[PDB]
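Below are two forms of the same protein chain, given as structure tokens: structure 1, then structure 2.
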Structure 1
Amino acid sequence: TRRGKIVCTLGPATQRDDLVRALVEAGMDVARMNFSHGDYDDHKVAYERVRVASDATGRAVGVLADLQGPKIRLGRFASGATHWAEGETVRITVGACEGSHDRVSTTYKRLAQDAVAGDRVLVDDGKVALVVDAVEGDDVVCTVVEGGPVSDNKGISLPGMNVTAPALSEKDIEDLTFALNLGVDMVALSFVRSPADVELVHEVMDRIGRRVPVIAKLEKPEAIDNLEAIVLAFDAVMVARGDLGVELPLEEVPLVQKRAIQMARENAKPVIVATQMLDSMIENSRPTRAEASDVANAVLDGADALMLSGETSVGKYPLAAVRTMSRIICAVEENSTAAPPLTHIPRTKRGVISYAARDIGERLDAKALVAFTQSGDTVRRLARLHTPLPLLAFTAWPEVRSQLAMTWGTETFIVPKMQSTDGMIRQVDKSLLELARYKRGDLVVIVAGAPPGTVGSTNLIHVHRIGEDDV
């Protein structure tokens, strides 16, 4: 079965009974809750349906809260949706209005004040493009230069305009709070522009008394300019290609994607590739050849996880989207799990030990690699190496199981907090022997550490035959 992980975004199309359950059954490893949409009630209900389906099927499902950040947006249209055709004049106003085809609000109140004739305005990640002709008091008068359909509250991007807005708005802070309290496993922050942005997420987490891993979404040039610092200061990154493809030239995105994946794997941080991977399946039961390709090449790039957005959130074929993405990933993986090699020899204890664990298990044809982890680190350092062998993480902290749902190749087992490595090893046998997949005598390679229950104590590798007296 599949090694590459699948993130799905929840929405209107997953709101009906036991759709969430079908998604998990079809392979969803992480549920994304997008805080740009929905009411708190909708997010509670969805969260609850994910815990039910995860617990009831036995499959790990991480819940990731996506914070809107400083996303600039349109207001409402009287019709909910209009066509912006090439040649038309449109006003985007910071004043209040009855929104119509000709005149629509925006949430960015400095827009009239900061826009300059010549500026370009991409709507909805480029389904429409406009050029600013003038600013008349509150209105930015523009010409539609590339036409297309626009609708309520779609995003706008103003490439190069250097936008003033908090890294976390009042709304983001409250959504973060509600999400921490509800119990989510990870938090993603939109529009990261600095490694220091994670500090602000941590400040809130600490007031509230609870931290989880933070994912930087990469969709700003400033973020790509600071890629390594951001990969080091955050716990994960998402290549957020929708907005990245209008914040930067769309032609630069594929190499940015590839670099950012490599940078994540170099430093053992999960990385998610997001947005329009199967875009056409919003309306169609099968994807284009470019989509299938895009997904396969994200696998070969070495991405831990691929994400579906509108394909599951508002689309007509959410389940098929998930199964399809799963089939393409598996097709690549049946061929090879190899990823671009790392450009350094590991230097950290946990990196050096995990690297060696992998060598041992592959050279002996072990049935599995097994690694004990309290924070996930030791397992992340092995996962990044890719390996055809099962990579089975063991932990006593259930949150780590949900967190590891976004890490390549990794299934997790929860066991009691043990006071010794012999104890860790007995638990391995006990857990695996209750599975079909393992029987007594099977060869496994186990990484563990003492002093027990201490992050970063990893210090042993143990070649072990299940149940046999080799400890």
Structure 2
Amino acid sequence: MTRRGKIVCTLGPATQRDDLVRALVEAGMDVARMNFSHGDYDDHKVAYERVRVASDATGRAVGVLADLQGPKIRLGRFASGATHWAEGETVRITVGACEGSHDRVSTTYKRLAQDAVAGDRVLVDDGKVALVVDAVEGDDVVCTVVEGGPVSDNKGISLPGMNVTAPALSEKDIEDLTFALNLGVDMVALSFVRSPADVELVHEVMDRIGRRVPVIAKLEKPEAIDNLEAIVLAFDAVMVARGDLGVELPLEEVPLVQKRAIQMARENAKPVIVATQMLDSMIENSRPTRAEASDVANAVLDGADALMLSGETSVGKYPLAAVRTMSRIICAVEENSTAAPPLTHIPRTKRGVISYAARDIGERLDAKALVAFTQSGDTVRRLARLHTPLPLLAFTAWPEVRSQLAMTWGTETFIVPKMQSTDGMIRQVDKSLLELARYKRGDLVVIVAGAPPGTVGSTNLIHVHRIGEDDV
């Protein structure tokens, strides 16, 4: 009926101009990403509020997503500005301070010396240049260049295979998380996730400050894909970072890891975001490459809850066009086929059997919408992963949840009061839906909800009715 798949946009320099955050929202932004690798806390505060004003003004829900940097592992500065590391040369990467020199340059990752051992590979600038550790002589990691090429200030370094010992949250991240939690963000994404235990360190900080939001694990490393199931269960959502996965994994394995992660997320009613290398050409162009449009469309077809724009909106010259184009692709894929990859988990539990039954009933009776009452989102997220073409309307008393459900597939959320009785809950649904030009009296709707209000049995009720069938 409208766009189902959700769009995440990154905020940066390019979205600071007059009424531009609002222009994004109007073009379709559902979640706004605050990237804490860049900007001062003040730039974020001002972006954060511009989103909230835009969300109020337009009426559209917009979640706010705090992206934590994780371990900053990159080159230091060169005195020259740049150099060239040709094959066979010896080079020293040091955890000490030094001036940028062809033969010797610093790294930001202070533990590199203690972690590196003879043999470990060291990749630079998205794996464009590759080195190998010969030995650790004090603060210096002595390497040999295996694949040559140009190198400059502050290029990324990847250490596949190496037993890296940084925690998932740096000291700097804890400050950023704390800031974001107080600022009022709706979700937090953790980078460099390697184990299901990594969520605990985010939860420590949340419980100290006394405020928890959904935590999104970013799938960037092989160790993450090695624990894919345990991670999807321990976190609240996942983000497939294809660029980063492509650096450390076989390139041919990556398209299958994407599909597998998306499937895994849907089986467990967790949201999945697909990020990186989406429409990167639109950083410089008003239109994408054919290859990019195809790639995006396959993310949609793979079953993804949301797709994410990075530089396309954060630094690009065509931020609106990027969002409009992502929308137009998502729509086109959806308008063409209902079908998404089938799920294999058979529902066994009261809440699961009911979610499936509700969808069946709704589809079989040609309902105009599927209404789900929810206190945390769980009940709606269980319906969303089915990719039913029924509009999916969440009704909740907790307004935070409306923002959190911005990143979940096909879902619009309405904020309503706490319900006093089941019959009152039906009356509320009528009231809320009739306010919208979309619905009128006579339209068939399916409601999923709680026995007597605030019951010990959670979701346990399916109710089919036409709007205002009992009004006179």
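Under this definition, the rigid core comprises the largest set of C-alpha atoms superposing within 1.5 Å between the forms. Here, residue number means position along structure 1's sequence, counting from 1.
Conformational change between the two structures, one of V140, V237, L176, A268, C-alpha moving 2 Å or more after core fit = Among the listed residues, the one whose C-alpha moves by 2 Å or more is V140.
Please report, as a whole number of degrees, the rotation of the smaller rigid part relative to the larger part between the two structures.
-> After superposing the larger part, the smaller part appears rotated by 24 degrees.
Determine, in Å, the CA shift of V123 between the two structures after the rigid core is used for superposition.
-> For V123, the alpha-carbon shift amounts to 3.9 Å.
Check the Cα of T343 between the two structures on a core superposition and give its shift in Å.
-> Looking at the C-alpha of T343 between the two structures, the offset is 1.3 Å.
Once both forms sit on the same core, give the Cα displacement of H101 between the two structures in angstrom.
-> Displacement of the C-alpha, rigid core superposed: 8.1 Å.
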